[PDB]
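Trainee: This is structure36.cif (mmCIF, C-alpha atoms).
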```cif
data_coords
#
loop_
_atom_site.group_PDB
_atom_site.id
_atom_site.type_symbol
_atom_site.label_atom_id
_atom_site.label_comp_id
_atom_site.auth_asym_id
_atom_site.auth_seq_id
_atom_site.Cartn_x
_atom_site.Cartn_y
_atom_site.Cartn_z
ATOM 1 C CA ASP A 1 -33.085 -72.649 -0.666
ATOM 2 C CA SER A 2 -36.594 -73.752 -1.631
ATOM 3 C CA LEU A 3 -38.820 -70.995 -3.153
ATOM 4 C CA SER A 4 -41.470 -71.883 -0.574
ATOM 5 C CA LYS A 5 -38.998 -70.547 2.026
ATOM 6 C CA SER A 6 -39.640 -67.039 0.700
ATOM 7 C CA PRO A 7 -43.341 -67.010 -0.050
ATOM 8 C CA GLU A 8 -43.606 -63.238 0.239
ATOM 9 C CA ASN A 9 -41.654 -62.762 -2.987
ATOM 10 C CA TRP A 10 -41.420 -66.083 -4.762
ATOM 11 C CA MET A 11 -42.402 -64.807 -8.166
ATOM 12 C CA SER A 12 -39.395 -62.422 -8.084
ATOM 13 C CA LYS A 13 -37.206 -65.517 -8.353
ATOM 14 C CA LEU A 14 -38.674 -66.721 -11.639
ATOM 15 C CA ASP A 15 -37.696 -66.043 -15.251
ATOM 16 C CA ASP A 16 -40.062 -63.151 -16.002
ATOM 17 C CA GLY A 17 -40.084 -64.401 -19.597
ATOM 18 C CA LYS A 18 -42.555 -67.065 -18.382
ATOM 19 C CA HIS A 19 -46.195 -66.765 -19.440
ATOM 20 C CA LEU A 20 -48.373 -66.596 -16.341
ATOM 21 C CA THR A 21 -50.175 -69.681 -17.673
ATOM 22 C CA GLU A 22 -46.938 -71.658 -17.325
ATOM 23 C CA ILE A 23 -46.412 -70.668 -13.722
ATOM 24 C CA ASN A 24 -47.686 -72.957 -10.971
ATOM 25 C CA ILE A 25 -49.721 -70.537 -8.859
ATOM 26 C CA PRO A 26 -51.451 -71.093 -5.551
ATOM 27 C CA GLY A 27 -54.899 -69.448 -5.317
ATOM 28 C CA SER A 28 -57.420 -69.003 -2.499
ATOM 29 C CA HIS A 29 -61.071 -69.829 -2.993
ATOM 30 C CA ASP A 30 -63.497 -67.116 -1.905
ATOM 31 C CA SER A 31 -60.494 -65.178 -0.670
ATOM 32 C CA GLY A 32 -62.496 -62.560 1.278
ATOM 33 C CA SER A 33 -64.298 -64.897 3.684
ATOM 34 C CA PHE A 34 -61.655 -64.615 6.453
ATOM 35 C CA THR A 35 -63.863 -61.888 7.968
ATOM 36 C CA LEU A 36 -66.481 -64.453 9.027
ATOM 37 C CA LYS A 37 -66.728 -65.120 12.815
ATOM 38 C CA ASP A 38 -70.248 -66.580 13.251
ATOM 39 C CA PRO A 39 -69.503 -70.258 13.948
ATOM 40 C CA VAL A 40 -72.782 -71.654 12.537
ATOM 41 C CA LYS A 41 -72.350 -69.714 9.360
ATOM 42 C CA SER A 42 -68.615 -70.441 9.065
ATOM 43 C CA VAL A 43 -69.196 -74.173 8.631
ATOM 44 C CA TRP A 44 -70.353 -73.624 5.047
ATOM 45 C CA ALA A 45 -69.602 -69.973 4.176
ATOM 46 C CA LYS A 46 -66.034 -69.498 5.518
ATOM 47 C CA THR A 47 -63.170 -70.700 3.296
ATOM 48 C CA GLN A 48 -60.108 -68.835 4.621
ATOM 49 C CA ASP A 49 -58.726 -67.633 7.957
ATOM 50 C CA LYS A 50 -55.868 -65.403 6.691
ATOM 51 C CA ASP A 51 -56.562 -61.854 5.619
ATOM 52 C CA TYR A 52 -55.638 -60.727 2.063
ATOM 53 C CA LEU A 53 -52.259 -59.245 3.056
ATOM 54 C CA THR A 54 -51.376 -62.406 5.036
ATOM 55 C CA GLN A 55 -52.507 -64.609 2.128
ATOM 56 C CA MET A 56 -50.181 -62.619 -0.115
ATOM 57 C CA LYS A 57 -47.332 -62.871 2.446
ATOM 58 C CA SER A 58 -47.994 -66.625 2.348
ATOM 59 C CA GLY A 59 -47.495 -66.773 -1.447
ATOM 60 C CA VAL A 60 -51.084 -66.692 -2.754
ATOM 61 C CA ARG A 61 -51.160 -65.003 -6.120
ATOM 62 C CA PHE A 62 -54.598 -65.894 -7.456
ATOM 63 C CA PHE A 63 -57.636 -64.357 -5.793
ATOM 64 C CA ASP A 64 -61.156 -65.606 -6.201
ATOM 65 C CA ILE A 65 -63.290 -62.473 -5.600
ATOM 66 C CA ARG A 66 -66.966 -63.191 -5.791
ATOM 67 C CA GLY A 67 -69.233 -60.143 -5.485
ATOM 68 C CA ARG A 68 -72.597 -58.463 -5.247
ATOM 69 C CA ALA A 69 -73.522 -55.014 -6.651
ATOM 70 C CA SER A 70 -74.870 -53.220 -3.561
ATOM 71 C CA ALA A 71 -75.015 -49.690 -5.026
ATOM 72 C CA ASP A 72 -74.528 -48.303 -8.581
ATOM 73 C CA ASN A 73 -70.933 -47.538 -7.593
ATOM 74 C CA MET A 74 -70.129 -50.326 -5.160
ATOM 75 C CA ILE A 75 -69.323 -54.051 -5.242
ATOM 76 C CA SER A 76 -69.488 -55.914 -1.957
ATOM 77 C CA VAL A 77 -67.520 -59.148 -1.443
ATOM 78 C CA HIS A 78 -69.912 -62.131 -0.954
ATOM 79 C CA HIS A 79 -70.018 -65.926 -0.568
ATOM 80 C CA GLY A 80 -73.379 -66.396 -2.375
ATOM 81 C CA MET A 81 -75.958 -64.533 -0.161
ATOM 82 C CA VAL A 82 -73.447 -64.092 2.659
ATOM 83 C CA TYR A 83 -71.947 -60.584 2.841
ATOM 84 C CA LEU A 84 -68.220 -60.738 3.713
ATOM 85 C CA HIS A 85 -68.092 -57.361 5.474
ATOM 86 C CA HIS A 86 -66.201 -55.311 2.941
ATOM 87 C CA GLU A 87 -66.244 -53.822 -0.527
ATOM 88 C CA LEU A 88 -64.002 -54.642 -3.477
ATOM 89 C CA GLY A 89 -61.981 -51.417 -2.846
ATOM 90 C CA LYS A 90 -60.497 -53.039 0.276
ATOM 91 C CA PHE A 91 -59.116 -55.952 -1.765
ATOM 92 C CA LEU A 92 -57.805 -53.556 -4.380
ATOM 93 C CA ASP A 93 -56.088 -51.343 -1.782
ATOM 94 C CA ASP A 94 -54.458 -54.313 -0.091
ATOM 95 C CA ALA A 95 -53.340 -55.667 -3.468
ATOM 96 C CA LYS A 96 -52.017 -52.279 -4.417
ATOM 97 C CA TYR A 97 -50.116 -52.017 -1.121
ATOM 98 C CA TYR A 98 -48.633 -55.522 -1.489
ATOM 99 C CA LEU A 99 -47.560 -54.970 -5.033
ATOM 100 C CA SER A 100 -45.616 -51.778 -4.313
ATOM 101 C CA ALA A 101 -43.914 -53.562 -1.423
ATOM 102 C CA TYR A 102 -43.176 -56.581 -3.701
ATOM 103 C CA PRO A 103 -43.171 -55.174 -7.220
ATOM 104 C CA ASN A 104 -41.920 -58.301 -9.060
ATOM 105 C CA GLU A 105 -45.038 -60.277 -8.134
ATOM 106 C CA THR A 106 -48.233 -60.239 -10.079
ATOM 107 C CA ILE A 107 -51.744 -60.974 -8.817
ATOM 108 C CA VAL A 108 -54.460 -62.560 -10.893
ATOM 109 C CA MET A 109 -57.861 -61.404 -9.640
ATOM 110 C CA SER A 110 -60.859 -63.498 -10.695
ATOM 111 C CA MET A 111 -64.122 -61.490 -10.528
ATOM 112 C CA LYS A 112 -67.559 -63.117 -10.386
ATOM 113 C CA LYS A 113 -71.124 -62.069 -9.640
ATOM 114 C CA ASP A 114 -72.201 -64.337 -6.773
ATOM 115 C CA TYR A 115 -75.622 -62.852 -5.845
ATOM 116 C CA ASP A 116 -78.434 -60.651 -7.155
ATOM 117 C CA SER A 117 -77.864 -56.899 -6.901
ATOM 118 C CA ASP A 118 -79.446 -54.853 -4.128
ATOM 119 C CA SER A 119 -82.885 -53.680 -5.303
ATOM 120 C CA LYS A 120 -81.744 -49.995 -5.724
ATOM 121 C CA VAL A 121 -79.119 -50.968 -8.359
ATOM 122 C CA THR A 122 -79.768 -49.660 -11.897
ATOM 123 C CA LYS A 123 -76.583 -50.867 -13.639
ATOM 124 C CA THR A 124 -75.338 -54.339 -14.545
ATOM 125 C CA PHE A 125 -72.592 -55.923 -12.368
ATOM 126 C CA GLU A 126 -70.101 -55.801 -15.333
ATOM 127 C CA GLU A 127 -70.822 -52.122 -15.976
ATOM 128 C CA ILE A 128 -70.283 -51.257 -12.305
ATOM 129 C CA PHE A 129 -67.003 -53.135 -12.138
ATOM 130 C CA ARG A 130 -65.867 -51.580 -15.434
ATOM 131 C CA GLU A 131 -66.761 -47.982 -14.602
ATOM 132 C CA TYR A 132 -66.342 -47.828 -10.845
ATOM 133 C CA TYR A 133 -63.214 -50.010 -10.459
ATOM 134 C CA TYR A 134 -61.342 -51.039 -13.628
ATOM 135 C CA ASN A 135 -61.650 -47.602 -15.305
ATOM 136 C CA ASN A 136 -61.595 -45.669 -11.997
ATOM 137 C CA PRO A 137 -58.779 -43.035 -11.864
ATOM 138 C CA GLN A 138 -58.398 -44.027 -8.218
ATOM 139 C CA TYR A 139 -56.984 -47.387 -9.372
ATOM 140 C CA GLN A 140 -55.031 -45.938 -12.269
ATOM 141 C CA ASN A 141 -51.939 -48.111 -12.990
ATOM 142 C CA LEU A 142 -52.995 -51.000 -10.702
ATOM 143 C CA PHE A 143 -54.546 -53.234 -13.432
ATOM 144 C CA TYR A 144 -52.915 -54.886 -16.376
ATOM 145 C CA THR A 145 -54.088 -52.981 -19.500
ATOM 146 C CA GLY A 146 -51.876 -54.651 -22.194
ATOM 147 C CA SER A 147 -53.379 -56.148 -25.346
ATOM 148 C CA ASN A 148 -51.609 -59.495 -25.060
ATOM 149 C CA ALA A 149 -53.975 -62.459 -24.449
ATOM 150 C CA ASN A 150 -51.110 -64.481 -23.032
ATOM 151 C CA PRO A 151 -49.069 -61.979 -21.006
ATOM 152 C CA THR A 152 -45.701 -62.732 -19.440
ATOM 153 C CA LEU A 153 -44.623 -62.118 -15.876
ATOM 154 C CA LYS A 154 -42.549 -59.098 -17.021
ATOM 155 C CA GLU A 155 -45.574 -57.313 -18.480
ATOM 156 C CA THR A 156 -47.855 -58.131 -15.499
ATOM 157 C CA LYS A 157 -45.585 -57.851 -12.442
ATOM 158 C CA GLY A 158 -46.632 -54.931 -10.143
ATOM 159 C CA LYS A 159 -50.221 -55.122 -11.468
ATOM 160 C CA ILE A 160 -53.497 -57.071 -11.050
ATOM 161 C CA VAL A 161 -54.482 -59.183 -14.079
ATOM 162 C CA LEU A 162 -58.261 -59.570 -14.462
ATOM 163 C CA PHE A 163 -59.570 -63.114 -14.751
ATOM 164 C CA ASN A 164 -63.085 -62.436 -16.032
ATOM 165 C CA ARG A 165 -65.916 -64.503 -14.590
ATOM 166 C CA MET A 166 -68.516 -61.720 -15.191
ATOM 167 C CA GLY A 167 -69.668 -62.779 -18.667
ATOM 168 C CA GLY A 168 -69.187 -60.636 -21.795
ATOM 169 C CA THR A 169 -67.390 -57.435 -20.978
ATOM 170 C CA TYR A 170 -66.193 -54.279 -22.774
ATOM 171 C CA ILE A 171 -62.967 -54.522 -20.784
ATOM 172 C CA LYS A 172 -60.164 -55.501 -23.182
ATOM 173 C CA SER A 173 -57.297 -56.757 -21.055
ATOM 174 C CA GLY A 174 -57.004 -59.945 -19.013
ATOM 175 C CA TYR A 175 -58.248 -63.568 -19.207
ATOM 176 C CA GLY A 176 -61.623 -63.743 -20.914
ATOM 177 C CA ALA A 177 -61.779 -60.008 -21.289
ATOM 178 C CA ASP A 178 -63.948 -59.779 -24.418
ATOM 179 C CA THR A 179 -67.640 -59.623 -25.298
ATOM 180 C CA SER A 180 -68.035 -63.452 -24.876
ATOM 181 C CA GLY A 181 -66.431 -63.786 -21.431
ATOM 182 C CA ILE A 182 -65.737 -67.313 -20.156
ATOM 183 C CA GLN A 183 -68.208 -70.191 -20.561
ATOM 184 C CA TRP A 184 -68.198 -71.732 -17.164
ATOM 185 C CA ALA A 185 -69.856 -75.157 -16.654
ATOM 186 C CA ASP A 186 -71.485 -75.671 -13.302
ATOM 187 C CA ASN A 187 -69.899 -78.204 -10.945
ATOM 188 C CA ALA A 188 -67.879 -79.759 -13.696
ATOM 189 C CA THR A 189 -64.419 -80.385 -15.169
ATOM 190 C CA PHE A 190 -64.457 -78.712 -18.592
ATOM 191 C CA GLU A 191 -62.483 -76.975 -21.263
ATOM 192 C CA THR A 192 -63.335 -73.859 -23.313
ATOM 193 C CA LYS A 193 -61.468 -71.475 -25.585
ATOM 194 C CA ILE A 194 -61.041 -67.947 -24.289
ATOM 195 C CA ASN A 195 -59.747 -64.599 -25.584
ATOM 196 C CA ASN A 196 -61.001 -65.056 -29.156
ATOM 197 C CA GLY A 197 -59.512 -68.550 -29.397
ATOM 198 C CA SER A 198 -56.066 -67.560 -28.155
ATOM 199 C CA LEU A 199 -56.162 -69.717 -24.986
ATOM 200 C CA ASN A 200 -57.562 -73.090 -24.002
ATOM 201 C CA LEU A 201 -58.827 -72.927 -20.406
ATOM 202 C CA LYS A 202 -59.035 -76.236 -18.606
ATOM 203 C CA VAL A 203 -60.933 -76.196 -15.335
ATOM 204 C CA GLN A 204 -61.827 -78.559 -12.541
ATOM 205 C CA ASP A 205 -64.596 -76.972 -10.478
ATOM 206 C CA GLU A 206 -66.695 -79.845 -9.154
ATOM 207 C CA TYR A 207 -67.571 -77.918 -6.018
ATOM 208 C CA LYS A 208 -70.368 -80.205 -4.957
ATOM 209 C CA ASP A 209 -68.294 -83.406 -5.100
ATOM 210 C CA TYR A 210 -68.164 -85.903 -2.252
ATOM 211 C CA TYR A 211 -64.607 -86.464 -0.960
ATOM 212 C CA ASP A 212 -63.290 -89.381 -3.081
ATOM 213 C CA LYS A 213 -64.720 -88.006 -6.307
ATOM 214 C CA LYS A 214 -63.227 -84.573 -5.550
ATOM 215 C CA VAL A 215 -59.726 -85.943 -4.907
ATOM 216 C CA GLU A 216 -60.000 -88.031 -8.067
ATOM 217 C CA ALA A 217 -61.125 -84.920 -10.075
ATOM 218 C CA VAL A 218 -58.257 -82.756 -8.667
ATOM 219 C CA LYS A 219 -55.746 -85.547 -9.603
ATOM 220 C CA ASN A 220 -57.207 -86.121 -13.050
ATOM 221 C CA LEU A 221 -56.499 -82.481 -14.018
ATOM 222 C CA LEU A 222 -53.225 -82.527 -12.158
ATOM 223 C CA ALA A 223 -52.065 -85.490 -14.212
ATOM 224 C CA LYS A 224 -53.060 -83.633 -17.450
ATOM 225 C CA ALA A 225 -51.069 -80.485 -16.530
ATOM 226 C CA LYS A 226 -47.942 -82.606 -15.906
ATOM 227 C CA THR A 227 -47.983 -83.850 -19.514
ATOM 228 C CA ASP A 228 -48.701 -80.457 -21.073
ATOM 229 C CA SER A 229 -45.953 -77.950 -21.882
ATOM 230 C CA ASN A 230 -48.247 -75.832 -24.034
ATOM 231 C CA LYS A 231 -48.269 -72.109 -22.783
ATOM 232 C CA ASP A 232 -51.514 -71.442 -24.676
ATOM 233 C CA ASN A 233 -53.155 -73.838 -22.297
ATOM 234 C CA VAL A 234 -54.327 -72.662 -18.905
ATOM 235 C CA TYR A 235 -55.286 -74.949 -15.989
ATOM 236 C CA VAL A 236 -57.501 -73.840 -13.098
ATOM 237 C CA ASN A 237 -57.997 -76.635 -10.513
ATOM 238 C CA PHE A 238 -60.139 -75.985 -7.365
ATOM 239 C CA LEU A 239 -59.434 -78.275 -4.423
ATOM 240 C CA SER A 240 -62.062 -76.401 -2.483
ATOM 241 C CA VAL A 241 -65.289 -78.232 -2.028
ATOM 242 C CA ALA A 242 -68.748 -77.406 -0.664
ATOM 243 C CA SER A 243 -69.787 -78.199 2.950
ATOM 244 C CA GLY A 244 -72.122 -81.196 3.777
ATOM 245 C CA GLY A 245 -71.672 -85.058 4.004
ATOM 246 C CA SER A 246 -71.726 -87.510 7.036
ATOM 247 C CA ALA A 247 -72.020 -85.055 10.030
ATOM 248 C CA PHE A 248 -72.411 -81.454 8.761
ATOM 249 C CA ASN A 249 -68.801 -81.279 7.619
ATOM 250 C CA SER A 250 -67.197 -77.863 7.256
ATOM 251 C CA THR A 251 -65.207 -76.557 4.279
ATOM 252 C CA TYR A 252 -62.223 -76.568 6.680
ATOM 253 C CA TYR A 253 -62.723 -80.287 7.479
ATOM 254 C CA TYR A 254 -62.466 -81.173 3.780
ATOM 255 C CA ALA A 255 -59.514 -78.865 3.240
ATOM 256 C CA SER A 256 -57.736 -80.647 6.150
ATOM 257 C CA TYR A 257 -57.755 -83.829 4.013
ATOM 258 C CA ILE A 258 -57.554 -82.619 0.448
ATOM 259 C CA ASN A 259 -54.769 -80.073 0.908
ATOM 260 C CA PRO A 260 -52.259 -82.549 2.382
ATOM 261 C CA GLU A 261 -53.246 -85.361 -0.068
ATOM 262 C CA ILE A 262 -52.637 -83.063 -3.102
ATOM 263 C CA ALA A 263 -49.602 -81.399 -1.469
ATOM 264 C CA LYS A 264 -48.028 -84.831 -1.174
ATOM 265 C CA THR A 265 -48.889 -85.911 -4.739
ATOM 266 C CA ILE A 266 -47.319 -82.759 -6.155
ATOM 267 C CA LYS A 267 -44.229 -83.158 -3.968
ATOM 268 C CA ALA A 268 -43.809 -86.730 -5.293
ATOM 269 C CA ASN A 269 -44.118 -85.333 -8.871
ATOM 270 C CA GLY A 270 -41.117 -83.110 -8.356
ATOM 271 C CA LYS A 271 -41.013 -80.284 -10.842
ATOM 272 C CA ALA A 272 -44.059 -81.231 -12.993
ATOM 273 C CA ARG A 273 -46.305 -78.395 -14.284
ATOM 274 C CA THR A 274 -49.402 -78.077 -12.016
ATOM 275 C CA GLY A 275 -51.541 -75.184 -13.313
ATOM 276 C CA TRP A 276 -53.245 -72.714 -10.937
ATOM 277 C CA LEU A 277 -54.557 -74.635 -7.952
ATOM 278 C CA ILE A 278 -57.201 -72.858 -5.938
ATOM 279 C CA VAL A 279 -57.569 -73.788 -2.287
ATOM 280 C CA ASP A 280 -59.533 -73.247 0.893
ATOM 281 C CA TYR A 281 -57.658 -72.307 4.061
ATOM 282 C CA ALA A 282 -54.581 -71.227 2.077
ATOM 283 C CA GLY A 283 -51.629 -71.149 4.487
ATOM 284 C CA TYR A 284 -53.260 -73.389 7.116
ATOM 285 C CA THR A 285 -50.708 -75.951 8.338
ATOM 286 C CA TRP A 286 -51.156 -79.229 10.208
ATOM 287 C CA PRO A 287 -48.024 -80.609 11.903
ATOM 288 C CA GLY A 288 -46.912 -83.751 10.071
ATOM 289 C CA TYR A 289 -48.470 -82.958 6.684
ATOM 290 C CA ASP A 290 -47.234 -81.319 3.510
ATOM 291 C CA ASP A 291 -48.491 -77.766 2.933
ATOM 292 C CA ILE A 292 -50.344 -77.301 -0.408
ATOM 293 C CA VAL A 293 -49.306 -73.648 -0.986
ATOM 294 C CA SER A 294 -45.661 -74.487 -0.333
ATOM 295 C CA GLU A 295 -45.637 -77.459 -2.716
ATOM 296 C CA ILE A 296 -47.366 -75.526 -5.513
ATOM 297 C CA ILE A 297 -44.660 -72.846 -5.193
ATOM 298 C CA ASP A 298 -41.790 -75.360 -5.090
ATOM 299 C CA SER A 299 -43.136 -77.250 -8.130
ATOM 300 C CA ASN A 300 -41.984 -74.315 -10.251
ATOM 301 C CA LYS A 301 -38.719 -75.120 -12.000
ATOM 302 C CA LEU A 302 -35.981 -72.461 -11.973
ATOM 303 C CA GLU A 303 -34.039 -73.084 -15.254
ATOM 304 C CA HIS A 304 -32.435 -69.614 -15.647
#
```
Could you show the structure in this file as structure tokens?
Mentor:
Amino acid sequence: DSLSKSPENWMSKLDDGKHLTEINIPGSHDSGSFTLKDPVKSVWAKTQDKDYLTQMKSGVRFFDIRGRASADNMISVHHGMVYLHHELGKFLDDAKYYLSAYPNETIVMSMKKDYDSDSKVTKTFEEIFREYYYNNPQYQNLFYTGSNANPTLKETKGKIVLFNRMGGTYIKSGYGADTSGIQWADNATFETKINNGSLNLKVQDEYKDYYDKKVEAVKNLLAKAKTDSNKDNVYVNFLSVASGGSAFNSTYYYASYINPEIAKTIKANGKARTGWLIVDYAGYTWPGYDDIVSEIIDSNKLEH
């Protein structure tokens, strides 16, 4: 049966000799925003309706955690200025729970500063994450701490791999974990070397695009991935787009079009390499339409 038939443990069915970069991985954009209930706010600030555990059950393996330092020992999960009602510990604990339940999966956790620190804060965002989370004995063994820039599934399964969107860091394991960090171009499709030249990161993150331009930018990077068997190359492709347009169109509304359009394209490509595709409303189904998370999972080729 289809891998998308067992989303809760799909990675367990792959050759663990694969480099994570080579795996087609569904991600959720602003993963933590499922806590939002305020309907006026949710139009533009809510990007998911499944909680973290349910997103994992649904096969999501890449988490977009954007944060704000709200005390010298605390990072709160945020969508820009909007507080998402929990701290990073909650994500970590859920991840840790899911990984012991499904220990042949790995999670890639992207970490970004999304808003200015609370005025009492005396430490940088990167220092707080490094000291109060990554290095914290409480989360001992949860993070990938290997020295490989291009780790395999074997060496990462059971753990969270950092995907560093903080800037330069003194953390030494994970994507962009060095004193340069990742050069991220605003609202752009771009390409930049990371991990001291070891990896070429190719990103589509045109989050302010109107609809047609967004779909075209998702497909342009999709088409590139399909031609590229290089493991030293990493694709991150965000289908998520910012709210606005003809009425005051929600992030959901756009996801209801983009997700099925890309799901279908991938399905028609069969087993082509896709890269890591980051979506809004991961796991949200619409009768009659292909499901993006499911098609990303199924696009992985089992050759072993």
Trainee: Counting all atoms listed in the file, which residues in range 203-301 of chain A sit no more than 12 Å from range 167-175 of chain A? For each one, give the nearest pair of atoms and the distance in Å, sorted by chain then residue number, as JSON lines.
Mentor:
```
{"residue": "A:232", "atom": "CA", "partner": "A:175", "partner_atom": "CA", "distance": 11.7}
{"residue": "A:233", "atom": "CA", "partner": "A:175", "partner_atom": "CA", "distance": 11.9}
{"residue": "A:234", "atom": "CA", "partner": "A:175", "partner_atom": "CA", "distance": 9.9}
{"residue": "A:236", "atom": "CA", "partner": "A:175", "partner_atom": "CA", "distance": 12.0}
```
Trainee: Taking C-alpha atoms for each residue, export the selection above as a tab-separated table (two decimals), in the frame of the given file.
Mentor:
```
chain	number	residue	atom	x	y	z
A	232	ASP	CA	-51.51	-71.44	-24.68
A	233	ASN	CA	-53.16	-73.84	-22.30
A	234	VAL	CA	-54.33	-72.66	-18.90
A	236	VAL	CA	-57.50	-73.84	-13.10
```
Trainee: Quote the spacing between CA of residue 33 in chain A and CA of residue 49 in chain A in Å to one decimal place.
Mentor: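 CA of residue 33 in chain A sits 7.5 Å away from CA of residue 49 in chain A.
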Trainee: On this structure, which residues satisfy the PyMOL selection byres ((chain A and resi 19) around 8), written as a list in words?
Mentor: residues 16, 17, 18, 20, 21, 22, 23, 150, 151, 152, 153 and 231 of chain A
Trainee: Restricting the calculation to only C-alpha atoms: of A:130, A:159, A:214, A:202, which residue gets closest to residue 190 in chain A?
Mentor: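 When distances to residue 190 in chain A are compared using only C-alpha atoms, the smallest one comes from A:202.
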Trainee: Within 10 Å of residue 303 in chain A, counting all atoms listed in the file, which residues qualify if same-chain residues fewer than 3 places away don't, as a ChimeraX atom specification?
Mentor: /A:14-15,300
Trainee: So, with only C-alpha atoms as the atoms that count, which of A:83, A:276, A:10, A:238 lies closest to residue 117 in chain A?
Mentor: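 Among the listed residues, A:83 lies closest to residue 117 in chain A.
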Trainee: Go ahead and find all residues with at least one atom no further than 7 Å from (-62.2, -71.2, -0.4) in the file's coordinates, using only C-alpha atoms; report them as an NGL selection string.
Mentor: :A and (28-31 or 47-48 or 240 or 279-281)
Trainee: Leaving out residue 258 in chain A and any residue of its chain fewer than 5 positions from it, which residues lie within 10 Å of it when counting only C-alpha atoms, given as a PyMOL selection string?
Mentor: chain A and resi 211-212+214-215+218+239-241+252-253+263-264+279-280+292
Trainee: Would you work out the distance separating CA of residue 54 in chain A from CA of residue 37 in chain A, expressed in Å to one decimal?
Mentor: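 Those two atoms sit 17.4 Å apart.
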Trainee: Have a look at A:109, A:53, A:75, A:101 and name the one nearest to residue 127 in chain A; count all atoms listed in the file.
Mentor: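 Checking each of A:109, A:53, A:75, A:101 against residue 127 in chain A, counting all atoms listed in the file, the winner is A:75.
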Trainee: Could you check the closest approach to residue 196 in chain A for each of A:149, A:225, A:111, A:217 and tell me which residue wins, using all atoms listed in the file?
Mentor: A:149
Trainee: Name the residues that the PyMOL selection byres ((chain A and resi 184) around 12) picks from the file above, as a short mmCIF file (atom, residue, chain, number, x, y, z; two decimals) with C-alpha atoms, keeping the file's coordinate frame, using the file's chain letters and numbers.
Mentor:
```
data_model
loop_
_atom_site.label_atom_id
_atom_site.label_comp_id
_atom_site.auth_asym_id
_atom_site.auth_seq_id
_atom_site.Cartn_x
_atom_site.Cartn_y
_atom_site.Cartn_z
CA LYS A 112 -67.56 -63.12 -10.39
CA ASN A 164 -63.08 -62.44 -16.03
CA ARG A 165 -65.92 -64.50 -14.59
CA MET A 166 -68.52 -61.72 -15.19
CA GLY A 167 -69.67 -62.78 -18.67
CA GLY A 176 -61.62 -63.74 -20.91
CA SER A 180 -68.04 -63.45 -24.88
CA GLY A 181 -66.43 -63.79 -21.43
CA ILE A 182 -65.74 -67.31 -20.16
CA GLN A 183 -68.21 -70.19 -20.56
CA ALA A 185 -69.86 -75.16 -16.65
CA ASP A 186 -71.48 -75.67 -13.30
CA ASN A 187 -69.90 -78.20 -10.94
CA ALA A 188 -67.88 -79.76 -13.70
CA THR A 189 -64.42 -80.39 -15.17
CA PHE A 190 -64.46 -78.71 -18.59
CA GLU A 191 -62.48 -76.97 -21.26
CA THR A 192 -63.34 -73.86 -23.31
CA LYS A 193 -61.47 -71.47 -25.58
CA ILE A 194 -61.04 -67.95 -24.29
CA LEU A 201 -58.83 -72.93 -20.41
CA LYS A 202 -59.04 -76.24 -18.61
CA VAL A 203 -60.93 -76.20 -15.34
CA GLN A 204 -61.83 -78.56 -12.54
CA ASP A 205 -64.60 -76.97 -10.48
CA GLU A 206 -66.69 -79.84 -9.15
CA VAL A 236 -57.50 -73.84 -13.10
#
```
Trainee: CA of residue 222 in chain A and CA of residue 199 in chain A, how far apart in Å?
Mentor: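 CA of residue 222 in chain A lies at a distance of 18.4 Å from CA of residue 199 in chain A.
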Trainee: Please write the residues picked by the PyMOL selection byres ((chain A and resi 91) around 10) on this file as number ranges by chain.
Mentor: A: 31-32, 51-53, 63, 65, 77, 86-90, 92-97, 109
Trainee: Take range 103-109 of chain A, bring it up to N, CA, C and O atoms, and give me the output as a PDB file, in the coordinates of the input.
Mentor:
```pdb
ATOM      1  N   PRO A 103     -42.705 -55.576  -5.886  1.00  0.00           N
ATOM      2  CA  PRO A 103     -43.171 -55.174  -7.220  1.00  0.00           C
ATOM      3  C   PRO A 103     -42.816 -56.142  -8.345  1.00  0.00           C
ATOM      4  O   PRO A 103     -43.179 -55.870  -9.492  1.00  0.00           O
ATOM      5  N   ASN A 104     -42.199 -57.280  -8.023  1.00  0.00           N
ATOM      6  CA  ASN A 104     -41.920 -58.301  -9.060  1.00  0.00           C
ATOM      7  C   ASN A 104     -42.873 -59.515  -8.967  1.00  0.00           C
ATOM      8  O   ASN A 104     -42.658 -60.575  -9.534  1.00  0.00           O
ATOM      9  N   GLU A 105     -43.958 -59.304  -8.239  1.00  0.00           N
ATOM     10  CA  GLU A 105     -45.038 -60.277  -8.134  1.00  0.00           C
ATOM     11  C   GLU A 105     -46.120 -59.736  -9.027  1.00  0.00           C
ATOM     12  O   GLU A 105     -46.187 -58.508  -9.264  1.00  0.00           O
ATOM     13  N   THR A 106     -46.972 -60.629  -9.500  1.00  0.00           N
ATOM     14  CA  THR A 106     -48.233 -60.239 -10.079  1.00  0.00           C
ATOM     15  C   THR A 106     -49.348 -60.984  -9.365  1.00  0.00           C
ATOM     16  O   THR A 106     -49.139 -62.077  -8.805  1.00  0.00           O
ATOM     17  N   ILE A 107     -50.545 -60.394  -9.415  1.00  0.00           N
ATOM     18  CA  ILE A 107     -51.744 -60.974  -8.817  1.00  0.00           C
ATOM     19  C   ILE A 107     -52.711 -61.178  -9.938  1.00  0.00           C
ATOM     20  O   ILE A 107     -52.870 -60.308 -10.817  1.00  0.00           O
ATOM     21  N   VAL A 108     -53.324 -62.350  -9.976  1.00  0.00           N
ATOM     22  CA  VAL A 108     -54.460 -62.560 -10.893  1.00  0.00           C
ATOM     23  C   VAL A 108     -55.743 -62.462 -10.045  1.00  0.00           C
ATOM     24  O   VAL A 108     -55.895 -63.204  -9.067  1.00  0.00           O
ATOM     25  N   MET A 109     -56.635 -61.549 -10.402  1.00  0.00           N
ATOM     26  CA  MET A 109     -57.861 -61.404  -9.640  1.00  0.00           C
ATOM     27  C   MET A 109     -59.052 -61.865 -10.477  1.00  0.00           C
ATOM     28  O   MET A 109     -59.381 -61.235 -11.479  1.00  0.00           O
TER      29      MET A 109
END
```
